[PDB]
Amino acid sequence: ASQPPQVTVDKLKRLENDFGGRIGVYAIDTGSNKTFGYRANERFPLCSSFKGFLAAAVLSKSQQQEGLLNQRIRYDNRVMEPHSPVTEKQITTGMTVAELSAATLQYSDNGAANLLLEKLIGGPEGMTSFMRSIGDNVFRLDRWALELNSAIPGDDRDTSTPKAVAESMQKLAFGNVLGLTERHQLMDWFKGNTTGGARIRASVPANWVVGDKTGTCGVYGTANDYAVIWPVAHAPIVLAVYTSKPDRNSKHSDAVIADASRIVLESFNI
């Protein structure tokens, strides 16, 4: 009862032509295992979207280190990265590992990301190692939170593919790589994300539940979102939407991400 894949491709190609850039998508119906991709194996910059996987890496570490989420981290006199809305307010108090993970995912706090990378996960190399450990052989993180957003065409640093992002989200949300407590916590963090209102969330009816993480590099019209979507009385759908434009000076488009998401989700004829 689903739409022919070529219909969906044809719609995405027209949207690409309107956008003036590249759109890559992959979606997984976790109940039927039906999938759909377009440019699904092309690399796109992750931008800040890696932070959802960073939070997962922290939870995986906590599953083996009792009490890790409650550990308090202080960062007096640290120079805080731009776009650190939570960490810049908690210097006097410090923040727990859980609070840092929630902030990095839900507010895209760069300071929280670099604090977790430095102090728990082992830098970009350790982030990449975590993804390898769940069978993602595509993801790579090469640089720290600010520098990874250059989004230069042809530069494979700090990239993944829509398929790999969606497949890794599926593993983390519903597979065995995290325990029940950790899955539930990860999903609750994604559900509370605050930066995705104009992207995948804008593509679904208001009574569906979404958990997501966005990325906005700020150059090369490059922006993205990936999500778990719970339709009414239907198995969850995992979706990744990544975009870029050839011109350094172009702006990204939230609306194109929302429209691509709508096209892909409608193709499952839920």
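Position 1 is the first residue in the sequence shown; the rest follow in order.
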Between the two ranges 219-227 and 66-74, the one averaging a larger CA B factor in the entry: 66-74
Of the two stretches 89-97 and 158-166, which shows the higher Cα B-factor on average in the entry? 89-97
Out of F53, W208, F44, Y26, whose C-alpha atom has the biggest B factor in the entry? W208
Between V204, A40, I237, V241, where does the Cα B-factor run highest in the record? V204
Third of the chain's Cα B-factor distribution that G135 belongs to, per the entry: middle
Quick check on the deposited entry: does the C-alpha B-factor of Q185 sit in the lowest, middle or highest third of its chain? middle
Rank-wise, by C-alpha B-factor, drop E81 into the lowest, middle or highest third of its chain. highest
Among the modelled residues of its chain, does the C-alpha B-factor of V177 lie in the lowest, middle or highest third? highest
Position of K34 among the chain's modelled residues by C-alpha B-factor, lowest, middle or highest third: highest
